[PDB]
There are 2 protein chains.
Amino acid sequence: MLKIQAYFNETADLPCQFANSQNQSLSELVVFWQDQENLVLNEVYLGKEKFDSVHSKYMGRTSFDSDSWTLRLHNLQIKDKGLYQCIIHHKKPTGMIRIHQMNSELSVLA
Amino acid sequence: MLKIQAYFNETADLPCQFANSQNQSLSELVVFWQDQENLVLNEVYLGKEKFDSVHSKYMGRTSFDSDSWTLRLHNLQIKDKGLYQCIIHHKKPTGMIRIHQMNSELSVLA
């Protein structure tokens, strides 16, 4: 578990650290970022940013870099502290299978 | 390694994260904060801030929180990005013994 210390009103950059050794198209992956309550901050559904699974309280607050595989959460509040998870799935004909995950613990200092 | 993400012209909190399970006093300890070149930002020697070993580069720029045993590095510059170490020693009749270390990576963003 990676630990990140960030600051109130500023930003957190959370990473997935994914090597794509499996080596496939982002159009073949479902990537999302989940909080400790399993609510979704951000989803990249087969290469397309999606807001269908995103909790309304996270709307507008995040940005996913498809280069670094990193999520930026902006305008941090004390409440934003806790465990975050990056989960990466391969899309199959009938479902999807988890192929990677990375957890970060965030502190938000005053 | 704690990842600290803080901003230009702001202040970074460089923590020791030391439980102090033996309820020891600063007055029997020597605490150093050093950078990746092993240069010293500040020293608390048996409870007293001491600048004998502090590099010119850090003079005037630090403050110690004797409540949480954290050093704050003020008015951050991009140059300030890097590795930092809190190192706690217990003073012996001759010399001192290392009893705790906490390493942190500072990023400075804009």
Side-chain angles (χ1 to χ4, degrees), chain A residues 1-20 31-36 41-42 57-58 60-88 100-110, chain B residues 1-21 31-36 41-42 44 58 61-88 100-110:
Chain A
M1 184 170 80
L2 313 146
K3 322 229 162 208
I4 306 282
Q5 172 187 297
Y7 292 83
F8 183 82
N9 231 281
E10 306 285 33
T11 59
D13 294 304
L14 316 172
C16 306
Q17 284 169 3
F18 178 50
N20 199 359
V31 185
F32 57 62
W33 287 84
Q34 270 186 311
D35 75 12
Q36 63 197 34
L41 282 89
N42 194 283
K57 83 193 188 190
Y58 290 120
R61 291 244 273 145
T62 72
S63 179
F64 182 78
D65 188 304
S66 50
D67 170 37
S68 56
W69 289 88
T70 294
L71 192 71
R72 175 162 279 196
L73 184 59
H74 318 73
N75 192 38
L76 283 181
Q77 306 292 282
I78 294 302
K79 209 162 282 265
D80 290 320
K81 75 170 79 172
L83 198 45
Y84 293 82
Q85 189 173 204
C86 173
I87 324 170
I88 297 182
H100 192 76
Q101 71 292 315
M102 184 59 71
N103 295 291
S104 299
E105 172 159 47
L106 177 64
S107 318
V108 185
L109 289 183
Chain B
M1 181 192 67
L2 181 62
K3 294 182 131 289
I4 306 172
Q5 297 171 358
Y7 275 70
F8 191 68
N9 304 127
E10 305 290 333
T11 303
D13 297 78
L14 307 174
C16 296
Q17 261 159 46
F18 180 61
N20 199 17
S21 283
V31 180
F32 285 97
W33 285 263
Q34 72 178 223
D35 69 13
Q36 59 196 51
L41 285 73
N42 209 345
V44 187
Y58 298 118
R61 313 185 52 208
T62 69
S63 73
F64 171 61
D65 184 325
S66 59
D67 291 340
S68 67
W69 300 13
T70 281
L71 197 75
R72 307 184 64 209
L73 169 65
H74 296 256
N75 196 22
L76 295 172
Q77 304 157 190
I78 261 69
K79 300 255 284 190
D80 285 326
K81 67 174 299 202
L83 273 164
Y84 295 91
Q85 316 153 68
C86 169
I87 311 188
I88 300 176
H100 180 79
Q101 185 154 333
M102 172 76 190
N103 302 330
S104 298
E105 171 199 67
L106 179 58
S107 303
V108 188
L109 311 172

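So you know, we letter chains A, B, ... as the sequences are listed, proteins then strands, and number each from 1.
Every residue two or more places apart in sequence or in another chain was checked for a ring-ring contact (aromatic ring centres under 6.0 Å, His included) with A:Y7, and none qualifies.
Put simply, the side chain of A:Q5 never gets that close to the backbone of B:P15: no donor and acceptor are under 3.5 Å apart.
Rounding to the nearest 0.5 angstrom, the gap separating the CG atom in A:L109 from the CD atom in B:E10 is 12.5 Å. We find the CD1-CG distance between A:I4 and B:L2 to be 8.0 Å, quoted to the nearest 0.5 Å.
In this structure, the portions of A:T11 lying under 4.5 Å from any heavy atom of chain B include both its backbone and its side chain.
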